[PDB]
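Each chain gets a letter, A, B, C, D and E, in the order it is written, and its residues are counted from 1.
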């Protein structure tokens, strides 16, 4: 894995640094590493592919070394360099597509393809170069069991869970009470509704609560906390819990009284925020507890007093919402987010070559089913395949 | 173009690496490239500007070489380096503003300013240095006709198109049927509505369909697909097709039954998703086909059954929506997105100096009119000017 | 500050470049800088911490130099390098946590901790290395008073301000007129409403206006401008200005007629946009002026004409909205955004060690109260602590 | 591809220049290239064919060099030259028929046959000769991404589309109004008809309009624009839109009043022509907009006044036509026209050997279905196969 | 190429492919020892030069 990143880093630098007319002192330390790579890789044969429609390709390396005698690199040196680089780039492309496609339940952090099991010897250890990308740094730090952090912009930590809860209900569905939520991507939109608007609740206050457990512990998260959840604020008809009948929801929106957002780690309150909106911070957490309440307004104009009678027919239903959007967060485990394209590369390789469903990953690489049951073996497989995807995304655009 | 990136990369590194007190071995390979640059650029004169209010500046280079005899760089060397660097940074700033402002219908990928046409000789080819940024890598790969990929976070692939379609309509506008949509940035929000709620449709099911053709082929796109389009879910009054009269839209929201999202490339179904929300992936596509349908609920509580009569007056109109947001995608052509600021730099240079509207780009650099008719000559001009904008964004903050 | 970035850059590179089996020519220029660092840091003692619950740690440096005699780095060299690197990483971690926690009203740009005041001597100046990150580049450019630019993705330039304005009001609250807005993060959602729908306004047109002053001058901003503000488009009950009574808001949405978005710098119109939506650009501005107007539709179908009578009871209130979202912008001062995690690191260090509220920063590091009153001394403190947070985010993941 | 053109150019010249009795100085530079070709091609074996009924042929090259010692070429030298030339001509014929028959959806511009993939090495690069034909010049210019132009005489840019449009219609089909058109080859024949002859239109003028979008951008087109479209000027019976019933069309021809022919590129008016017939020019366009109108003649003799009553039975229907014939045009992409026979050669090779329908090209090489959906992958395949067809048309007559 | 190998003098490769026993074809213009012996054929003399 280290030598695969090293091959790709030298091929990236040798497409970048070895150009026409450049001075030799700019590339004097790269040509020695590329010659060490050629010297190491000669005499060895590899075999990539063999699963799904990924074709079996045989790789044989017989190349001459590059010259170390120019002052300015002329176009002859650039053309022979482009030939050797194009062959090695095709090789590492097929090794990365052979490694992202395989998985194992037993020990997923180990290389699974034959080519990367062959590259994991000490004969190939002199290929090794700097490990400067974030994924290979976290690979090398977790290979020695130290703390890592992946910085994500809007991480997909929440599985898709659009549902509700009726704390007070009946088959008439004309006096309901409870919460509704949308957990999607990095965004929680929650809305507790009461049809009576707390006309019989004690002190005209109805307490709502919504507890979101996470799968991995997020660290140093900037979170936009806004009131008035926008999706649960227009009238809609909703199927029941058993899916038998449908019930109508005509909301009018009160502001959330007494918002308490708590960030729990192992049941301990790490951060708490009482009636503070805008951008908040949560330093260390794996559970988000939103505690908002609906208070009936004690003074109402005649346009408002016709909405909430004391009797039964409520044509306008009180609804109170919050919105919580994790903008950026540092997570020790791998995830998906709106910035990288690594999950897209993994799914593109697994869908392009018509790959059968294996023992670990969900069918079709369903990220909702992958983050719903995010086991440590699946975590190891996901980190390995994302690291190889980062390597191929360095070489192949 | 390669030598302009090389000038800017050396000036960036020489502002970074040549500091006070640093060891000479840290900068021993940069001073040789900077001296090669001084040796190449001496004796040459340039002329930048001359269009709009961009002033004509004449550039003459007569500089001495930097010393190669220190062990730790003292402040004398830093001050003479800062002088030479500030003159070259002003030169490359005015060359980049002279190149981003010009365009050509005939061959836009060629340099248009006099200074960059003069820098495109082999006398200046020994300036050349590593080409490590993404835009100069894709420039050098498309100069040899190989595959490229620009990674965008929320790409502006959709032109602004807020409109609707009435599959069933009359001048009374009290029994309507059809779709509405908002295509903006990277987000499609579509909503098919029926006023009758399929009370006379066969099997109480009304089929909707919305086909979005793209202008360039996106590759490996992570896409957040949510139901219940939020913008088309509140009551509004809307002008008609001819703009004569206005009609009222009072929606109640059903969930989308039988969602089929297809990703078409050349009419062939690449990816398909049947009733799966959350984050989806689309590996290769240039057309997005959303096929959702409205099914009348067969079991309704008395709060719902008063909404949808069998007769004509429908005060509550059935509406079913979807939301499709491309979070990140790899595109072979250049675009704009929410991450880079290159389009902002191009428009800032073209608006700061009061530049007349030329033959290629839209008046005022309208991105909606630029991506509506995204011709290959406009593509070449846009890629060239974005590459020069990336170069200037390296030097000028 | 320069030497602290230099320590962290060498420790990052020496975790990256000094690996097992790598060639010596890949690391031949890094080992000399790391040996210069060891030679400079020996014989010196430091003391970190001493505020809040941050513990006092004493640092003594007595290390041998690294060998310069291998061809391929074996595991002995890697293990002794990992020992020296782990001690220096713990040192620079505690120096960065000692510097982010302190502040001064007098001159915040100066180092406040004892360790960084000791590192600011010329004895430690030979530690210095390349300054390539964005924050240390802008630190070095503003230390010489040149122009800088921080590129932000969705900058938190707006303080949280959710409020309204009643241009026409009475204690009955049945015929109201005025604007409502949400300024949050990078997003302005504004909506002017009239209950009469301009039935007595001249030419049936009511002019709205919303002026947002900024705190710092943004430059080259890509801005998504959409109509029909989604948050102020559903019915809600709202407390009054004095908080005494509540009033009801039942909106129906017209489209915004005659949108004029102006970008003011020092009262001068830099950019203007007349009825153009989608992505717009604003090259230089510190005030955003939205001027939209509500026009009564002169032709209405019978479904619309029942909504807006000539008399007093308006059960459906005309409402016209806009949405303005700054996707990316270049600002000369430091801010927070959805991409970086530096504010999260600063708040995590200040909340982890139970730090008392000082003279400059708001209690609890309230970003709304920090950008509401964004004084230049607070700007200097914020830039210094964000630079140290960037340094620690390089070392500590 | 370059070496295949080089093989064919040398074989063409060596059939032309190497004749009996010619002076040696006329052929002294051709025999050296032909000997370089023999020296390069010896020792190599090739295999052509293997798809459809194209037979598998194995090619082995073992030839002696030609003599360089004559003053006038005698018949011995001509006969041994004719032997070697006939073997190489049979080889390149089968390589060209092996390359025109294959295609790929992934990257069509790459060689697909095994023989041309083997010829694309640098061992065969010394075969290379002048590239003087138009197709190999545009191949070499588009291999470096520069502007090209293919000059066509009557290009087949329009797909076959014979249809109509009824702006005013009824099931009686006795008072109709709208346009009819024939788009075929390089010729647009359009005719707007009114049965009432604008007897109730405002100012007795009926405006017609016909917008033809192109698939590729034509450049510098000479266009014969005539009035009075000849095909839509005689009586005919025409099936309806749904194909249910037929309707009768008895035209009398008025001249086209107020002809406006506009040549649109990206929606911008490049060229416009107001009431000018004969030969016109259109410098840069991809949309042709014909705007002609029918004006009722205000003064009519008694032979004309009986044709157009004010009442309903119109036995003579007013019809106004235009004809637009692109005589010659320069297009950047490949097309078919009335001058070349390259499409005929491609279809003859694909139909002679009974070739199955692949993924890219339409079944039976339907040019109407190929220019209807003219995708860039199909464009690359079409350009590659037309270049190989031009090479074989040089060798094989 | 043996000529370019003589020019450069870095070897680096024929040393590698000679120590680790890898197949190779040295293109040059060398003079050779013609040798008529089966005992010298059995004793494997060519690997020693």
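Note that a contact is a pair of C-beta atoms (placed from the backbone, for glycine too) under 8 Å apart; a residue touches a chain by one contact, two chains touch by 3 or more.
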Checklist line | Central subunit by CA centre of mass proxy | finding: B
Notebook entry, point to check: Where among B-D or B-C does the A-C interface show up again, with more than half of the contact pairs the same?
Noted result: B-C
Margin query: On a C-alpha centroid basis, what's the spacing between subunit A and subunit E, in Å?
Written below: 57
Note to self: Can you compute the centre-to-centre distance for subunit A and subunit B, using the mean CA position of each chain? Integer Å is fine.
What the structure shows: 23
Checklist line | Whole-Å gap separating subunit B and subunit E, where each centre is the average of the chain's CA atoms | finding: 60
Notebook entry, point to check: Rounded to the nearest whole Å, what is the centre-to-centre distance of subunit A and subunit D, using the mean of the C-alpha atoms as each centre?
Noted result: 49
Checklist line | Multi-chain contact residues (two or more partners), subunit E | finding: none
Checklist line | For subunit A, residues that touch 2 or more chains besides their own | finding: 29, 153-154, 230, 234, 339
Notebook entry, point to check: What are all the touching pairs of chains?
Noted result: A-B, A-C, A-E, B-C, B-D
Notebook entry, point to check: Any idea which subunit B residues touch subunit D in the complex?
Noted result: 105-107, 109-110, 142-145, 147, 266-267, 369, 372-373, 375, 377-378
Notebook entry, point to check: Can you list the residues on subunit E that touch subunit A in the complex?
Noted result: 8, 10, 12-13, 16-17, 20, 22
Notebook entry, point to check: Which positions of subunit B touch subunit C when the two form their complex?
Noted result: 13, 15-17, 19-23, 25-26, 28, 72, 153-154, 156, 159-160, 162, 171-174, 182, 184-185, 230-231, 234-239, 244-248, 336-341, 343-345, 347-348, 351-352, 365-368, 396-397
Next item on the list: Can you check the complex and tell me which residues of subunit A touch subunit E?
Entry: 35, 39, 42-43, 64-65, 67-69
Item checked: Residues of subunit C defined as touching subunit B within the complex -> 2, 29, 32-33, 36, 122, 125-132, 137-138, 140-141, 147-151, 153-154, 219-222, 224, 226-228, 230, 233-234, 251-255, 271, 276-279, 281, 283-284, 297, 299-304, 307, 316, 327-330
